[PDB]
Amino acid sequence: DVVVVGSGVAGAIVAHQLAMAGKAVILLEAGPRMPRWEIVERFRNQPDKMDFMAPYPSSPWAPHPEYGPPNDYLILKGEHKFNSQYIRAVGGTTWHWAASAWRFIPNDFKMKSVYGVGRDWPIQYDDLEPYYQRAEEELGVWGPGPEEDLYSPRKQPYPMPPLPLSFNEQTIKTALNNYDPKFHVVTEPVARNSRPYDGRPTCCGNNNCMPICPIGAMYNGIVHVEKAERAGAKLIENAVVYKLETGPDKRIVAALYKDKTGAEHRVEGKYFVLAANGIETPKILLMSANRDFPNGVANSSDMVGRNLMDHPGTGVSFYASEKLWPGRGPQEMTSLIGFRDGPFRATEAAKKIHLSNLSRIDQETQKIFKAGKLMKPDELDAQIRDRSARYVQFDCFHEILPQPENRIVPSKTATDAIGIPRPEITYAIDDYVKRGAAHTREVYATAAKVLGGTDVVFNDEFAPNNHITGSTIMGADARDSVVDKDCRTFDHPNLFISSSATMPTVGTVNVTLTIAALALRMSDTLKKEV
């Protein structure tokens, strides 16, 4: 009845829903199923625990980005190299995510119709609010009470309350808040258990969010892949989809995949859900091209792969005047949602700045030793606690406008092991973001002076935040879009896209929650038709 490609949070949910509805489902998974226990030990064994893709081996048949060292699986060109990362394995990229469950603020859903830049959504916030909550109820998300205004109107409160903040995050929260209320530093909404929830456990400050929770305390796509199989959904691990086949009713009738060997297989279904990631979903589309649709299925708009977006990050690291001991609790619980909105957003982009609660005794110890000067164990320890306690780091999400010149196309030369053309991404960062980062740097310098910073280091290199969006743009008409407001494709009735690719604007936050909601949206949609 329903054939879901990709077992990432997106597809996982869809499978589960229709699986519950008593519908026969097939979940197609490119990579293999890696169990919790195995992943952790790989990490615990890795020399660099700042490489969050390391403990996830890129299976030759289903390869993915790896920068330790560079496996160059991505062909990058343009002004800025789109060095993002995803995880091809049963459970999706939510295996290594930070579990930061943020809502898009109303104005995000009407950028051009308000600031006159980018593009509007075919839907408005109030349309996704009821689903937003259902997404917070399925994932299990803790978040502040009314007292803290997240500027996303809530019909109902969070299903869980947030555990106390880390001494580090509570100190810097108060320090800045009392300085300027405009910074508006608040408790971050996240999919972390503040109490035994969904049959899972509660956070115990493993401080390992990225690259992985060894308990399940926080949400991992796998949770629904499980619930999915238990509903009756037939999951096929190591089924890398490469082509989609159509019928005269410009409808999709089957999808073909290669197993570990490279042996092509065919899967026939009634409805199709393209639940691959931001780079992989457009690759399959720009790969299933036939005489019926020369420009590639659901690509009559020629917008498939285009309008690719991801928050160009910018951080700052310094040594505070006071001890903070980053590492006691989750990696991130604080977020400076001050410049998420405002008029200027018609000139430079709005950014969400987040304080780093990651252990730095790993890094700081190394930094001392790199000096290469011998010291007695009293002076050594002295510097270890002095450095690792006073270390603070601020990273932020910048918003880049959806641009058609930024695209993901299957390279017409390079190819993967099983011989599938590998993603060739052409990305560049407009001045719209450059100006925003400029003022974003003035906030960093101030945050320093407030927290009595020393050895203040500025990271002015736009870092990838791994939020691939806009590949299969959403719109009103099919001449400048790919899917409608129902996440359905204009070209193919029974083809649905459940990925950040459908998101017109990237906004100022992490998109996963937005994705999970849109997923549940379709679930009710597909559930009425079939």
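One rule holds for the numbers: they count along the sequence shown, beginning at 1.
For the pair 273 to 281 and 453 to 461, the mean B factor over Cα atoms is greater in 453 to 461.
Per the deposited coordinates, the residue with the largest Cα temperature factor out of 92, 343, 326, 162 is 343. Considering 389, 429, 203, 297 together, the PDB entry gives 429 the largest C-alpha B factor. For residue 416, the recorded CA B-factor ranks within the middle third of the chain. Only modelled residues enter the ranking. Residue 303: CA B factor in the middle third of modelled residues in this chain (values from the PDB entry). In the deposited entry, the Cα temperature factor of residue 18 sits in the middle third of values across the chain's modelled residues.
Sort the modelled residues of the chain by CA B factor and residue 197 lands in the highest third.
Residue 178: CA B factor in the middle third of modelled residues in this chain (values from the PDB entry).
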